[PDB]
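Participant: quick one: initial chain(s) of a complex, as found there:
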Amino acid sequence: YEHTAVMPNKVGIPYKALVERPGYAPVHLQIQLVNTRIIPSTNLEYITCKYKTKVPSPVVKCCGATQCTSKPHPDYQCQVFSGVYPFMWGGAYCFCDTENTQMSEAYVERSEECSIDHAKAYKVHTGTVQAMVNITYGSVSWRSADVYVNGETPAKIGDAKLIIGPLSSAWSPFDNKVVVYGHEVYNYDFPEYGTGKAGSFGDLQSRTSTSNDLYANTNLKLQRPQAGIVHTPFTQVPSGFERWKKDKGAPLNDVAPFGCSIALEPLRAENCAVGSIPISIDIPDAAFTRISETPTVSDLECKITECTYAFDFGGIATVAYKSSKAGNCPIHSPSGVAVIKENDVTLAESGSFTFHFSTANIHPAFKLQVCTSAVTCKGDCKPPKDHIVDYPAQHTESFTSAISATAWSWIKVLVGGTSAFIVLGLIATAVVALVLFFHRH
């Protein structure tokens, strides 16, 4: 048998339903989610890290000139200094006074730390959504396996067959371009591998962590070695990646709405709460017993003992019944006024049973069906003492969940009396018109 419905996109809140095969006893059904992961499709563009500029040994011609060509290196620099006359240990290095030449070339490359901490640049696209469901039905225990949230694919669990419907919202916390540095994820824009302004984010752009070609502009410039000392000095702007790690705001796993915890190894967005998920479950035909082998109850009267507003199961009710035989049959409230803590009861011949429920109304007007027989329950509820709890609400608050009986009496008085005060006015002009018409003849 196939049962279709719509479940909401909440994780810890179970969905309870009562399937009704004709000619057979009803079977309780319980679907619960564990995970909900949105997995966008990403492709790496470039990584970035702190640079490390190496300087080769300069050549010191004693008297002459040595020019350099152009080398295929990122941010390569050449500048020839004339007339240096350097000193080393053990006397002066050169002889030809006031006519000398120093090479002093410099070159920018990736640091050794770039294999460990590096920000990875991605663009995302819409990909797969998958979840993890928990299923029980009848007398079968809990079974769980991860499904795919597309209408087309079925995933069997136990002996059933579940088709989790598509999500009704295409919302995703990720932007078009993201930066994944270390543990956290940032919503950011890139200089698109061509540009980089030497001090913000893209002063070193490498397409792969082991790539050979490298882009780097760090405003490298060489300076004159002074006072006859053999060294190659240079001034350049500091690293933009080192600056970005100071001046970055909050990561996406602290800003994302709906409580989406962001994971990393497939770059997921776990456990969001938006929209609703349709369902369809193929219950096996061997789980349905014949209706004649079940108790038939009658003369049900339900009185709600104590009720309250609270997020947990704060309502207690008792049902007095009378049954033909002793057995088990599930209970379920089809309305949204209350949810039921219990799933089934053990019956006898003309006894009683009690159950726990949670609601948001002052006056609950729900009904529940036990042993394919229904009974209505009414009552009153009290405000709870607790101000803040640490668990989500089991129920769903509606638009008219706050209006009491006394507040609706003032709604009807303020509407009924003032509308009828115009009806008295409108019937007054239709009477004196009739009186003045009868004065005409």
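Facilitator: Perfect, thanks for sending it. Numbering: from 1, shown residues only, chains lettered A, B, ... in the order given.

Participant: residue contacts, residue A:62?
Facilitator: By Cβ atoms under 8 Å, 6 or more residues apart in numbering, the contact list for residue A:62 reads A:93, A:94, A:95, A:96, A:100. The C-beta positions use only the backbone N, C-alpha and C, and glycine is treated the same way.

Participant: host element of the third one?
Facilitator: In this case it means residue A:95. Assigned by DSSP states H and E, residue A:95 belongs to no helix or strand.

Participant: Identify the residue nearest it in space, chain neighbours excluded?
Facilitator: Of all residues not flanking residue A:95 in the chain, residue A:62 sits nearest, at 5.9 Å (Cβ to Cβ, 6 or more residues apart in numbering).

Participant: Can you check the contacts of residue A:62 and name whichever has the most neighbours?
Facilitator: residue A:100 (22 neighbours; other Cβ atoms under 10 Å).

Participant: The closest residue to that residue other than its chain neighbours in helix, strand or coil?
Facilitator: Excluding the flanking residues, the one nearest residue A:100 by Cβ to Cβ, 6+ apart is residue A:84, at 4.7 Å. Classification of residue A:84 using DSSP: H, G, I helix; E, B strand; the rest coil returns coil.

Participant: and residue A:84, how many neighbours does it have?
Facilitator: Neighbour tally, residue A:84, other Cβ under 10 Å: 24.

Participant: Surely it touches residue A:228?
Facilitator: Yes: Residue A:84 is within contact range of residue A:228, at 6.7 Å (criterion: Cβ atoms under 8 Å).

Participant: Contacts only, for the residue lying closest to residue A:163 once chain neighbours are set aside.
Facilitator: Excluding the flanking residues, the one nearest residue A:163 by Cβ to Cβ, 6+ apart is residue A:280, at 4.4 Å. Residues near residue A:280 by Cβ under 8 Å, 6+ apart: A:2, A:3, A:4, A:162, A:163, A:165.

Participant: Residue A:280: which element?
Facilitator: strand A:276-282.

Participant: After that strand, which helix or strand is next? Please name it.
Facilitator: Trace forward from strand A:276-282 with DSSP H and E and the next one is strand A:297-306.

Participant: Check which residues of the following helix or strand past that following strand are buried.
Facilitator: From strand A:297-306 onward toward the C-terminus, using DSSP H and E, the following helix or strand is strand A:315-323. Residues A:315, A:316, A:317, A:319, A:321, A:323 are the ones in strand A:315-323 that count as buried (16 or more other Cβ atoms under 10 Å).

Participant: could you dump the residues you listed to TSV with distance to residue A:248?
Facilitator: Putting the buried residues of strand A:315-323 into TSV (distance: Cβ to Cβ, whole Å) gives the following:
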residue	distance to residue A:248
A:315	49
A:316	53
A:317	55
A:319	60
A:321	65
A:323	67
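
Participant: put chain B onto that model:
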Amino acid sequence: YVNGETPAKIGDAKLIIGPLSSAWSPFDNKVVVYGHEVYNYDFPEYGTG
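Facilitator: One more piece, chain B, placed on the ones above:
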């Protein structure tokens, strides 16, 4: 690279090829690649057949 940002050095010049005026692509959302020819085909999506 055809985007208005990345520059390329062709000899001693520097060319920045701008973005295309149309975002038209011949491929559909789902394609099938058999041999050396592509097809604009839909999918049974791994659960159906």
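
Participant: now that chain B has been added, could you go back to the buried residues of strand A:315-323?
Facilitator: A:315, A:316, A:317, A:319, A:321, A:323 (16 or more other Cβ atoms under 10 Å in any protein chain shown).

Participant: and it, what does it pack onto?
Facilitator: Secondary-structure packing of strand A:315-323 (3 or more Cβ pairs under 8 Å, 6 or more residues apart in numbering or on different chains; DSSP states H and E): strand A:297-306, strand A:352-359.

Participant: can you put the ones you listed in JSON lines and add distance to chain B and mean neighbour count?
Facilitator: Listed next are these as JSON lines, based on distance: least, Cβ to the nearest Cβ, whole Å; neighbours: other Cβ atoms under 10 Å in any protein chain shown:
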{"stretch": "strand A:297-306", "distance to chain B": "42", "mean neighbour count": "14"}
{"stretch": "strand A:352-359", "distance to chain B": "36", "mean neighbour count": "18"}
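
Participant: Report the beta-bridge partners for the residue of the stretch 201-350 of chain A found nearest chain B.
Facilitator: Evaluated by Cβ to the nearest Cβ, the stretch 201-350 of chain A has residue A:215 as its residue closest to chain B, separated by 9.6 Å. Beta bridges link residue A:215 to residue A:205, judged by DSSP bridges.

Participant: residues near it, how many?
Facilitator: 21 (other Cβ atoms under 10 Å in any protein chain shown).

Participant: ditto for residue A:385
Facilitator: 7.

Participant: again, but for residue A:222
Facilitator: So residue A:222, with other Cβ under 10 Å, has 20 neighbours.

Participant: so what's it up against?
Facilitator: For residue A:222, the contacting residues are A:77, A:79, A:104, A:106, A:232, A:233, A:234, by Cβ atoms under 8 Å, 6 or more residues apart in numbering or on different chains.

Participant: Redo these as TSV? Include distance to residue A:396, neighbour count and secondary structure.
Facilitator: Rendered in TSV, the data for the contacts of residue A:222 read as follows (distance: Cβ to Cβ, whole Å; neighbours: other Cβ atoms under 10 Å in any protein chain shown; DSSP: H, G, I helix; E, B strand; the rest coil):
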residue	distance to residue A:396	neighbour count	secondary structure
A:77	68	20	strand
A:79	74	15	coil
A:104	74	27	coil
A:106	67	22	strand
A:232	72	18	coil
A:233	71	13	coil
A:234	67	15	strand
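
Participant: want to try JSON lines for those, with distance to residue A:210 as columns?
Facilitator: Below are the contacts of residue A:222 laid out as JSON lines (distance: Cβ to Cβ, whole Å):
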{"residue": "A:77", "distance to residue A:210": "26"}
{"residue": "A:79", "distance to residue A:210": "32"}
{"residue": "A:104", "distance to residue A:210": "30"}
{"residue": "A:106", "distance to residue A:210": "24"}
{"residue": "A:232", "distance to residue A:210": "29"}
{"residue": "A:233", "distance to residue A:210": "32"}
{"residue": "A:234", "distance to residue A:210": "27"}
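
Participant: Chain C should join the structure above:
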Amino acid sequence: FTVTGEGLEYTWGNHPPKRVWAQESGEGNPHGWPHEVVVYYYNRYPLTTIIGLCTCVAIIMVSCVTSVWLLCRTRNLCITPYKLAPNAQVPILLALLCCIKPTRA
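Facilitator: If we add chain C to the chains shown above, we get the following:
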């Protein structure tokens, strides 16, 4: 930090995150006098019950000045076919019941 019924989470230092939700306690009492009813709904809704309070007195003011533009017009048609000719005997139903001005002469 203001916590609503949707929830709020906070991380302090290197501690794991903690989530808290706000219940619907309130301060007032809905089953009582009209000053007690409004106070309870003002704390629960501080954004909707100040509009519906102004709307309900806007409709009442409109409906009151609509009716007295029609009750006084009707009473102005009681007097104009009787006060013109004072010799006509005014019936006893129109003196007090149907319209307010009583008999004389």
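
Participant: Re-run the earlier check on the neighbour count of residue A:385 with chain C in the model.
Facilitator: 9.

Participant: Name the nearest residue to it, sequence neighbours excluded.
Facilitator: Distance criterion Cβ to Cβ, 6 or more residues apart in numbering or on different chains; nearest residue to residue A:385, sequence neighbours excluded, is residue C:25 at 7.0 Å.

Participant: Residue A:248 now?
Facilitator: Residue A:248 sits nearest to residue A:186 (Cβ to Cβ, 6+ apart), 6.5 Å away.

Participant: swap in residue A:238?
Facilitator: Excluding its sequence neighbours, the residue lying closest to residue A:238 (Cβ to Cβ, 6+ apart) is residue A:199, at 7.0 Å.

Participant: just checking, that neighbour touches residue A:236?
Facilitator: No: counting by Cβ under 8 Å, residue A:199 stays clear of residue A:236, with 10.2 Å between them.

Participant: Count the residues that sit near the residue of the stretch 201-350 of chain A found nearest chain C.
Facilitator: As assessed by Cβ to the nearest Cβ, chain C sits closest to residue A:309 within the stretch 201-350 of chain A, at 5.4 Å. Neighbourhood size, residue A:309 [other Cβ under 10 Å]: 25.

Participant: what's near enough to touch it?
Facilitator: Contacts of residue A:309 (Cβ under 8 Å, 6+ apart): A:359, A:360, A:381, A:382, A:383, A:384, C:23, C:24.

Participant: Repeat that for residue C:73.
Facilitator: Each residue near residue C:73 by Cβ under 8 Å, 6+ apart is listed here: residue A:429.

Participant: 6 Å instead, please
Facilitator: Contacts for residue C:73 (Cβ atoms under 6 Å, 6 or more residues apart in numbering or on different chains) come out as none.

Participant: Once you drop chain neighbours, what's closest to the residue of chain A found nearest chain C?
Facilitator: In chain A, the residue that lies nearest chain C is residue A:425 (3.7 Å; Cβ to the nearest Cβ). Distances taken as Cβ to Cβ, 6+ apart place residue C:70 nearest to residue A:425, at 3.7 Å, with adjacent residues excluded.

Participant: That neighbour - that's part of a helix, no?
Facilitator: Yes: looking at residue C:70 with three-state DSSP, it is inside a helix.

Participant: Show me which residues of chain C sit near chain A.
Facilitator: By the rule Cβ under 6 Å from any Cβ of the partner chain, the part of chain C lying against chain A is C:20-26, C:30-31, C:37, C:56, C:60, C:63, C:66-67, C:70-71, C:74, C:77.

Participant: I figured the residue nearest to residue A:425 hits residue A:427, correct?
Facilitator: No: assessed by Cβ atoms under 6 Å, residue C:70 is found out of contact with residue A:427, at 9.6 Å.
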